[PDB]
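**Q** One structure follows; several queries about it will come next.
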Amino acid sequence: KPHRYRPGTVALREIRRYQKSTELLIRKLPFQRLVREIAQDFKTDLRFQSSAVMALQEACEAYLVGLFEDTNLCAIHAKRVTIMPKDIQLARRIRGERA
Amino acid sequence: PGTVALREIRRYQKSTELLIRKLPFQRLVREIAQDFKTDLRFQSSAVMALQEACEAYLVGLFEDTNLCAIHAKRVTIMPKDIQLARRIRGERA
Amino acid sequence: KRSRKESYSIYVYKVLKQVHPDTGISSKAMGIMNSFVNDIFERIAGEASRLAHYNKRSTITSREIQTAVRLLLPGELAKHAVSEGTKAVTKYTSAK
Amino acid sequence: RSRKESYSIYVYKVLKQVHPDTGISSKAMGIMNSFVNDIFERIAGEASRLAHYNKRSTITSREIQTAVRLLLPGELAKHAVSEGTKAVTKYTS
Amino acid sequence: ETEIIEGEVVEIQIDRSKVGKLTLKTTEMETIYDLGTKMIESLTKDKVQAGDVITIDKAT
Amino acid sequence: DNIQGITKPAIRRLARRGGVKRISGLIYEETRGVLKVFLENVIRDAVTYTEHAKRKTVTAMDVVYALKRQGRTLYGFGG
Amino acid sequence: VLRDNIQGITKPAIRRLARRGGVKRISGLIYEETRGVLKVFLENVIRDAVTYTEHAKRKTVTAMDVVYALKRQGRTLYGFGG
Amino acid sequence: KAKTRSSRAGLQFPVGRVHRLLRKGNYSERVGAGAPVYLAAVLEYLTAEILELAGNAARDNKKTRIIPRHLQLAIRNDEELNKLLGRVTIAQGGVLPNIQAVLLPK
Amino acid sequence: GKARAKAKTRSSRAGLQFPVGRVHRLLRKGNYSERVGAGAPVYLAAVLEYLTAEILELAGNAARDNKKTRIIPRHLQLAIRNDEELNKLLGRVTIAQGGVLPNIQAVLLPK
Amino acid sequence: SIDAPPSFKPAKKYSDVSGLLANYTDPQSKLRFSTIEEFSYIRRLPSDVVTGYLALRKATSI
């Protein structure tokens, strides 16, 4: 009875909604805890500036967005619309990271 | 068939020479450089370095193109793969 | 009293008011423009340092930055920058 | 004439410490020259930039050690750090 | 009473008197050892490679 | 354990900015690896810069210098 | 005959380069496309190599010029000087 | 009366500050007289070119204040500026809206 | 004024082989900073020694298996590309007349 | 000519954490211990105390 949307239109709705705004996605506290634990794993008793961690967050988000764009190109190249890890491996290798 | 090609594949991956004839490459380089300025002179080592760098670039390009072609469950490489490799590497779009 | 901070805030703002009289600018854009000017200046300066070593020189010349700026920039942009810089130097040498 | 200069007679002199009965071709000598002065320029530039960042006037042993730590990827970094520390310790005494 | 050195050997290095060094490893500790000239012969006579559980009488 | 702090909807949002319609369910566990590795390099530099200045606080300029040495330049943080 | 020298890069040469790259099959539309790519690369090196020749007030392009041009594009070349 | 060299050459960016930074920047031991002038002219040209496009984008967004979004749009839309600033990321600037053709519905 | 005749070089005092004096001169003339420290050229020479020793050891090991008594660019190429650390240190470099490592993908192999 | 000459007698080895007669070593840290609990303790220790012990009785590590 309730009106249900087709699988796929909500996808493009979210694409258009997120490709216009420029807010931070990952929750701030988990990212801060992650970077803190990584730093302590390297060097204990460290202090972080808030601007520094937000710049790390923005760099990571930009990296992930570019990676997913390349992954999308790889997936479309294989006559598909769903992204699987092999696309990410191919992109990462051609860019020249992994291998 | 399909095995004489692999013979070449194995042969060329061992030998280390220039796979492009020198005279046409020299003519190409001279004609390309003509537009920037007329009446130029070229050091021979400059031409050799140009040809070496271009061959290395092409080899890397074809390596990535082969990876692209394998990704799509194919064996033949088509321009659809070279364009993708150039796009995702970063020389275009 | 603590030290004094250095930026390019007033000059870019003046250029903006010169090109768009009624358009303002935010603080984050101020920082981004500062970083952009710093990066571009460092690029042209550091790239100019190497030509002196390459050609066995000691002085940075105006005719050398002219060559440095036409390597970092694409065609039309480099041509226009070269023309405007040449005009600036020509107007500067007429008064000294 | 000209002191073209080079490390040709140095890397070759190093060779005897690892392979006392091995020769070097001229092209390999040029390759090693380019490799060594490339690494020299990389390390020197990194140390310079770091010293300028820390608003200092002198590039010292610790600045170049940090440059090596930044530039050398893995176990090469720590092994080269140990080698350099040993060399400087023997130089001082 | 007797002194016994029993354990698994990890790596052996003999230079060219002679200088030797080997690292023994049990399940609960590891230890490096510098060899005298006699031990050089005692280890070269009986070819000892990596991953060998060996027992040595110190007095002999 | 904090890598799980990068929840699944966050990965979905990051993917949605990129312009992808459908996400596999096993992508996340591999994607969290990439976030795990790319972040393990800048910190390598970020702490190291911090350790050169005899100080033990990671300022906002060390991360900028690290990202510049790696080839990714960012603006707005005193670059 | 009045023919452009880009066609001087013969088809067997491109096949040899591809086989060195490790490819089994070659479609027929690569042959015209690759030459085009080979143009673009030479349009981003010689242009630089001439500029250095400008800055030294010289008329002969030397190997050091092309090595420096390749160096700035993250494609450093070894064994040809520098 | 002391007149700044920028005013004498008809520029906006400081010739003196650029010359001081060149001298103190270890790029060379000797700095020419016209080098700071020419560098400041180039920097002013680039700043004007970027800013005018950013202001046009802000006007298209029907707002009178330039934010990082307008700068990102101005850089990415222009081919030459994007080529110059290819490897740089603008903080909180996002990415242009783009949908692949094959991903549109029917 | 009297001075020592045939004084010892700084390289020999440091136990290295690369010229510490030449490295110091290059550092001073390269305009990396206005003042150059004392122990910096020694440390740089030591690092260069380590790198050259490692790469030459690997090149000689590679050439020995090819039944050749002389190092050629091919042996250097084989040496660098077969070690991950040196490969990632020299990722964006081209060795002239060095060829390419021979590798075939599993898919393209017959049967 | 008032300083003592170098000793010709070999110097004993002592545990760096308990001051007892050592009989082993440790390739990972280049220290010396005496028993199993000493080995567990020295493995549980961070690099700071290890380098402090090495620099105390000066060694090839600075």
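Listed in order, the protein sequences are those of chains M, I, L, P, B, N, J, K, O and Q. By the authors' numbering, the letter at position 11 of the first sequence is numbered 47, and the numbering carries on one by one without gaps. By the authors' numbering, the letter at position 35 of the second sequence is numbered 77, and the numbering carries on one by one without gaps. By the authors' numbering, the letter at position 22 of the third sequence is numbered 51, and the numbering carries on one by one without gaps. By the authors' numbering, the letter at position 14 of the fourth sequence is numbered 44, and the numbering carries on one by one without gaps. Those letters in the fifth sequence? Residues 134 to 149, 156 to 199, per the authors' numbering, in order. By the authors' numbering, the letter at position 41 of the sixth sequence is numbered 64, and the numbering carries on one by one without gaps. By the authors' numbering, the letter at position 29 of the seventh sequence is numbered 49, and the numbering carries on one by one without gaps. By the authors' numbering, the letter at position 72 of the eighth sequence is numbered 84, and the numbering carries on one by one without gaps. By the authors' numbering, the letter at position 19 of the ninth sequence is numbered 26, and the numbering carries on one by one without gaps. By the authors' numbering, the letter at position 44 of the tenth sequence is numbered 208, and the numbering carries on one by one without gaps. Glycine residues also receive a C-beta, built at the ideal position from the N, C-alpha and C atoms.
Under a CB-based cut-off of 8 angstroms, is J:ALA33 close to chain L?
**A** In the seventh sequence, the residue the question calls residue 33 of chain J occupies position 13. No, because no Cβ of chain L sits closer than 8 angstroms to the Cβ of J:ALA33.
**Q** Quick one: any contact between the region 88 to 99 of chain N and the region 59 to 66 of chain L, if contact means 3 or more CB pairs under 8 angstroms?
**A** Yes, since at least three Cβ pairs between the region 88 to 99 of chain N and the region 59 to 66 of chain L fall closer than 8 angstroms, the two stretches touch.
**Q** Restricting to Cα atoms, I'd like to know which of J:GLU63, J:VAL21 and J:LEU90 is closest to I:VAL71.
**A** Along the second sequence, read from residue 1 onward, the residue named residue 71 of chain I stands at position 29. Of the listed residues, the one whose Cα sits closest to I:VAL71 is J:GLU63.
**Q** Taking Cβ to Cβ, would you say L:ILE89 is nearer than 8 angstroms to K:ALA60?
**A** What you label residue 89 of chain L is simply residue 60 of the third sequence in a count that begins at 1. What you label residue 60 of chain K is simply residue 48 of the eighth sequence in a count that begins at 1. It is not a contact, given that the beta carbons lie outside the stated cut-off.
**Q** Return the first residue and the last residue of the beta strand (DSSP E) that B:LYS164 is part of.
**A** Numbered from its first residue, the fifth sequence carries residue 164 of chain B at position 25. Here the beta strand (DSSP E) through B:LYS164 covers 159 to 164.
**Q** Considering only the beta carbon of each residue, do J:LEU37 and I:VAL101 sit closer than 8 angstroms?
**A** As a first step, residue 37 of chain J must be located in the seventh sequence, where it is residue number 17. As a first step, residue 101 of chain I must be located in the second sequence, where it is residue number 59. Closer than 8 angstroms, so yes.
**Q** Is there contact between the region 118 to 134 of chain I and the region 46 to 59 of chain J, where contact requires at least three CB pairs shorter than 8 angstroms?
**A** Judged by Cβ distances under 8 angstroms, the region 118 to 134 of chain I makes contact with the region 46 to 59 of chain J, as three or more pairs qualify.
**Q** Which value, in whole angstroms, describes the spacing of the CA atoms of M:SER57 and O:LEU96?
**A** The count along the first sequence starts at 1 and reaches residue 57 of chain M at position 21. The count along the ninth sequence starts at 1 and reaches residue 96 of chain O at position 89. Taking the straight line from one Cα to the other gives about 39 angstroms.
**Q** When DSSP labels each residue in this structure, what does L:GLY53 get in the three-state scheme?
**A** Against the third sequence, residue 53 of chain L aligns to sequence position 24. Strand, per DSSP.
**Q** Pick from J:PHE61, J:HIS75, J:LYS44 and J:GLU53: whose alpha carbon is nearest that of I:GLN93?
**A** Within the second sequence, the letter at position 51 stands for residue 93 of chain I. Nearest of J:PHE61, J:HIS75, J:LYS44 and J:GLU53 to I:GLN93, Cα basis: J:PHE61.
**Q** The alpha helix (DSSP H) spanning Q:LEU220 covers which residue range?
**A** Here residue 220 of chain Q refers to the residue found at position 56 of the tenth sequence. Taken as a continuous stretch (DSSP letters only), the alpha helix (DSSP H) holding Q:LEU220 covers 211 to 220.
**Q** Is residue 109 of chain N close to chain M, meaning its C-beta is less than 8 angstroms from at least one C-beta of that chain?
**A** For chain N, the structure presents residues 24 to 102; residue 109 of chain N sits outside this window and is missing.
**Q** Kindly indicate if chain P contains any beta-carbon less than 8 angstroms away from that of N:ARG78.
**A** Residue numbering aside, residue 78 of chain N sits at position 55 when the sixth sequence is read from its first letter. Not an interface residue.
**Q** Is K:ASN89 buried or exposed, if buried means 16 or more other CB atoms sit within 10 Å of its CB?
**A** Indexing the eighth sequence from 1 puts residue 89 of chain K at position 77. Exposed, because fewer than 16 other Cβ atoms sit within 10 Å of the Cβ of K:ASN89.
**Q** Among O:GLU56, O:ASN68, O:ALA86 and O:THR76, which one has its Cα closest to the Cα of O:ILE102?
**A** Position 95 of the ninth sequence, counted from the start, is the residue given in the question as residue 102 of chain O. Among O:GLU56, O:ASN68, O:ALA86 and O:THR76, the Cα nearest to that of O:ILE102 is on O:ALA86.
**Q** Helix, strand or coil, according to DSSP, for M:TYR41 in the structure here?
**A** Here the question's residue 41 of chain M lines up with position 5 in the first sequence. Three-state result, M:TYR41: coil.
**Q** With a cut-off of 8 angstroms on the beta carbons, I'd call Q:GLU202 and Q:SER171 a contact; round off their distance for me.
**A** Numbered from its first residue, the tenth sequence carries residue 202 of chain Q at position 38. Numbered from its first residue, the tenth sequence carries residue 171 of chain Q at position 7. Going by Cβ atoms, the distance from Q:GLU202 to Q:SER171 rounds to 27 angstroms, so no, they are not a contact pair.
**Q** If the cut is a Cβ gap below 7 angstroms, which residues of chain L does N:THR54 touch?
**A** Against the sixth sequence, residue 54 of chain N aligns to sequence position 31. Simply none; closest approach about 29 angstroms.
**Q** What residues match up with K:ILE102 in a beta bridge as DSSP calls it?
**A** Start at 1 with the first residue of the eighth sequence, and residue 102 of chain K comes out as number 90. Answer by DSSP bridge pairing, in chain order: N:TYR98.
**Q** Just the Cα atoms here: how many angstroms apart are B:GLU169 and B:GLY140?
**A** Reading the fifth sequence from its first residue, position 30 is the one you call residue 169 of chain B. Reading the fifth sequence from its first residue, position 7 is the one you call residue 140 of chain B. Cα to Cα, B:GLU169 sits roughly 9 angstroms from B:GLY140.
**Q** For Q:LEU195 and K:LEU51, what's the separation of their Cα atoms in angstroms?
**A** Locating residue 195 of chain Q in the tenth sequence gives position 31, counting from the first residue. Locating residue 51 of chain K in the eighth sequence gives position 39, counting from the first residue. Taking the straight line from one Cα to the other gives about 60 angstroms.
**Q** Given K:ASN68, which residues of its chain have a CB within under 8 angstroms of its CB, disregarding the five upstream and five downstream residues?
**A** Against the eighth sequence, residue 68 of chain K aligns to sequence position 56. So the qualifying residues of the chain are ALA86.
**Q** Pick helix, strand or coil for B:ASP196, following the three-state DSSP scheme.
**A** In the fifth sequence, the residue the question calls residue 196 of chain B occupies position 57. Reduced to three states, the DSSP call for B:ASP196 is strand.
**Q** Would you say O:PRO80 lies against chain J (beta-carbon separation less than 8 angstroms)?
**A** Working through the ninth sequence from its first residue, we reach residue 80 of chain O at position 73. So, interface residue.
**Q** Helix or strand or just coil, what does DSSP make of J:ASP24?
**A** As a position in the seventh sequence, residue 24 of chain J is number 4, starting the count at 1. Reduced to three states, the DSSP call for J:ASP24 is coil.
**Q** Please confirm whether J:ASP85 has its beta-carbon closer than 8 angstroms to some beta-carbon of chain I.
**A** Position 65 of the seventh sequence, counted from the start, is the residue given in the question as residue 85 of chain J. Yes, its Cβ sits closer than 8 angstroms to a Cβ of chain I.
**Q** Please give the ranges of any beta strand (DSSP E) in the region 17 to 53 of chain K, keeping only runs that are unbroken, at least 3 residues long and fully inside the region.
**A** Qualifying beta strand (DSSP E) stretches: none in this window.
**Q** L:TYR121 touches chain J at which residues, Cβ-Cβ below 7 angstroms?
**A** Translated into positions along the third sequence, residue 121 of chain L becomes position 92. Neighbours of L:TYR121 on chain J: none; closest Cβ ~22 angstroms, over 7 angstroms.
**Q** Could you pull the DSSP bridge partners for B:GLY140 from this structure?
**A** Locating residue 140 of chain B in the fifth sequence gives position 7, counting from the first residue. Its beta-bridge partners are B:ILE193.
**Q** Report the neighbours of O:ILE111 on chain P: residues whose CB is nearer than 8 angstroms to its CB, in chain order.
**A** Position 104 of the ninth sequence holds residue 111 of chain O. Within chain P, no residue comes near O:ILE111; the closest Cβ sits about 27 angstroms away, beyond 8 angstroms.
**Q** Please state whether the Cβ-Cβ distance between O:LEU55 and P:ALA74 is less than 8 angstroms.
**A** Numbered from its first residue, the ninth sequence carries residue 55 of chain O at position 48. Numbered from its first residue, the fourth sequence carries residue 74 of chain P at position 44. No. Outside cutoff.
**Q** Express the C-alpha separation of M:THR107 and N:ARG45 in angstroms, rounding to a whole number.
**A** As a position in the sixth sequence, residue 45 of chain N is number 22, starting the count at 1. As a position in the first sequence, residue 107 of chain M is number 71, starting the count at 1. Whole-angstrom Cα-Cα distance: 12 angstroms.
**Q** Classify K:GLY105: buried if its beta carbon has 16 or more other beta carbons within 10 angstroms, exposed otherwise.
**A** On the eighth sequence, residue 105 of chain K is found 93 positions in, with the first residue counted as 1. The residue is buried, with at least 16 neighbouring Cβ atoms inside 10 Å.
**Q** Going along chain K in order, which residues have a C-beta closer than 8 angstroms to the C-beta of M:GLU94?
**A** The residue you call residue 94 of chain M lines up with position 58 of the first sequence. By Cβ distance, chain K contributes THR101, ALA103 and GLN104.
**Q** In terms of residues, what are the limits of the beta strand (DSSP E) holding B:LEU174?
**A** Counted from its first residue, the fifth sequence places residue 174 of chain B at position 35. That run of the beta strand (DSSP E) goes 169 to 174.
**Q** Do the CB positions of L:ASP51 and K:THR76 come within less than 8 angstroms of each other?
**A** Taking the third sequence and counting its residues from 1, one reaches residue 51 of chain L at position 22. Taking the eighth sequence and counting its residues from 1, one reaches residue 76 of chain K at position 64. Result yes, Cβ atoms of L:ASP51 and K:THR76 sit closer than 8 angstroms.
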